[PDB]
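To begin, one chain is listed below as structure tokens, in the form solved without the ligand.
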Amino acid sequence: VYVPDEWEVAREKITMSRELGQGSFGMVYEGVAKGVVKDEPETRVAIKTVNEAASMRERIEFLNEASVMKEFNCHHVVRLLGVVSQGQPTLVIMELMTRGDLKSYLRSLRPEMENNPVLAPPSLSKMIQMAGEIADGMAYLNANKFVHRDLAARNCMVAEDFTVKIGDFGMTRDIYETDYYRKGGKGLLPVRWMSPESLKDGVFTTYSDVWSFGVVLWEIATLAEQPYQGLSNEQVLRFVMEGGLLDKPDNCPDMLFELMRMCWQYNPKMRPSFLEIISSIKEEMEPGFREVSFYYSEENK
């Protein structure tokens, strides 16, 4: 297919500058755009591109995949701002998140270890604020009839002001490729982030997203260690399916671990919803959360 709509942006309104890094279809850049955020003449944006060698099938694929993001309008979900489908290079304009993916962010927080002072690990308040933002992006998606299937720190983005948001769907990368494993056929799956039921039948729901959310809290608490570190991909499958769980990270407040354990209930129906996760921590979120969140929006019921 490939049908241009109201998301179409004139190429002359875009300026690509520095590389952010490679995506599945090509290089992602930082840049500026005119008239993508209402009539703002200059908005710092992220620009997704298709490699110059790509085929017609590949460009149309990129446009249709990207286009799923058009439906969403949430402060805790990375925004699509525009599409450049007329002429080449094929572009998709998105909200810029200056601090990159949450897994790289958390790992950059680990001590350097060569005698210089270091910032103490994130406070429980800082962790709750990340949890609440992620959970809000996820509650908005669920209310919009979506099951994410790949919720993980590597798929959460960090803005200039440290706001965490659900990242652009299906971003491939290369850096976190070991976070995936194929037991079957077209089943290269994020096994260490999966619920016992999804590992059994390959079915994902809002409940299995809640399980992976608990894994994201553990990643936050461990500064993005590999979940089930001492185990091979095969051992993880058996260990999780048989009721095994991640250890309480060292120095992790019981309060944050209790929330992880709630997410990790063997029965999916016993796990809290994302609405329920937010309710339990709403008192702890920055006062601004009540004005920008899906949770506090008219759209929430």
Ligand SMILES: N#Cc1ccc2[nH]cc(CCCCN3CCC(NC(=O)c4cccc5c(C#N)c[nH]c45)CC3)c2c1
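Residue numbers here begin at 1 and follow the sequence given. Only the largest set of C-alpha atoms that superpose within 1.5 Å between the two forms is called the rigid core.
Quick check on residue 119: across the other compared entries (only those modelling residues on both sides), is it unmodelled in a third or more?
Yes, residue 119 lacks coordinates in at least a third of the other compared entries that model both of its neighbours.
I'd like to know whether residue 183, which is modelled here, goes unmodelled in a third or more of the other compared entries that cover its flanking residues.
Yes.
Hey, which bit's got the bigger mean C-alpha B factor in the entry, 259-267 or 244-252?
The stretch with the larger mean CA B-factor is 244-252.
Which wins on mean Cα temperature factor, 15-23 or 285-293?
The stretch with the larger mean CA B-factor is 15-23.
Quick one: which of 187, 82, 196, 100 has the biggest Cα B-factor according to the entry?
The listed residue with the largest C-alpha B-factor is 187.
Tell me, please, which of 165, 126, 148, 173 has the highest C-alpha B factor according to the deposited entry?
Among 165, 126, 148, 173, the highest C-alpha B-factor in the entry belongs to 173.
If you rank every modelled residue in this chain by C-alpha B factor, which third holds residue 154: lowest, middle or highest?
Bottom third by C-alpha B-factor.
Among the modelled residues of its chain, does the C-alpha B-factor of residue 180 lie in the lowest, middle or highest third?
According to the entry, residue 180 has a C-alpha B-factor in the chain's highest third.
Relative to the other modelled residues in the chain, which third contains the C-alpha temperature factor of residue 49: lowest, middle or highest?
Answer is middle: the recorded C-alpha B-factor places it there.
With respect to C-alpha B-factor, does residue 273 fall in the lowest, middle or highest third of the chain as deposited?
It belongs to the lowest third of the chain when residues are ordered by C-alpha B-factor.
Rank-wise, by C-alpha B-factor, drop residue 132 into the lowest, middle or highest third of its chain.
Its C-alpha B-factor belongs to the lowest third of this chain's values.
What comes next is about the form deposited with the ligand bound, which does not appear here.
Among the candidates 217, 139, 210, 78, the residue which, in the deposited bound form, approaches the ligand to within 4.5 Å (heavy atoms):
Spelling it out, the residue with a heavy atom inside the cut-off is 78.
Is there any non-hydrogen atom of residue 40 lying within 4.5 Å of the ligand in the deposited bound form?
Flag for residue 40 set to no.
State yes or no: in the deposited bound form, is some non-hydrogen atom of residue 271 no more than 4.5 angstroms from a non-hydrogen atom of the ligand?
No - in the deposited bound form, heavy atoms of residue 271 and the ligand never come within 4.5 Å of each other.
Examine residue 231 and determine whether its closest non-hydrogen atom to the ligand in the deposited bound form is within 4.5 angstroms.
No, residue 231 is distant from the partner.
Using heavy atoms and a 4.5 Å limit, would one call residue 69 a contact residue for the ligand in the deposited bound form?
Yes - in the deposited bound form, heavy atoms of residue 69 and the ligand come within 4.5 Å of each other.
Is it true that 197, 243 and 294, all three, sit within 4.5 Å of the ligand in the deposited bound form, judged by heavy atoms?
No, the candidate spot makes no contact with the ligand.
Heavy atoms within 4.5 Å of the ligand in the deposited bound form: which stretch among 271-279, 258-266, 61-69, 244-252?
Only one stretch qualifies here: 61-69.
Superpose on the core and compare between this form and the one not shown; which one of 259, 237, 37, 54 crosses the 2 Å Cα shift mark?
Once the cores are aligned, the residue moving by 2 Å or more is 54.
Answer yes if the Cα of residue 100 shifts by 2 angstroms or more between this form and the one not shown on a rigid-core superposition, and no otherwise.
Where the cores coincide, residue 100 shows only a C-alpha shift between this form and the one not shown that is less than 2 Å.
Does residue 81 show a Cα shift reaching 2 Å between this form and the one not shown after rigid-core superposition?
It does not reach a 2 Å shift.
Per-residue C-alpha change between this form and the one not shown, residue 171, threshold 2 Å, rigid core fit
Yes, its C-alpha moves 2 Å or more.
Looking in the deposited bound form, are the Cα atoms of residue 169 and residue 99 closer together or farther apart than here, the change being 3 Å or more?
Relative to this form, closer in the deposited bound form.
Did residue 169 and residue 272 drift closer or farther in the deposited bound form, going by a CA distance change of 3 angstroms or more?
They are farther apart; the C-alpha distance rises by 3 Å or more in the deposited bound form.
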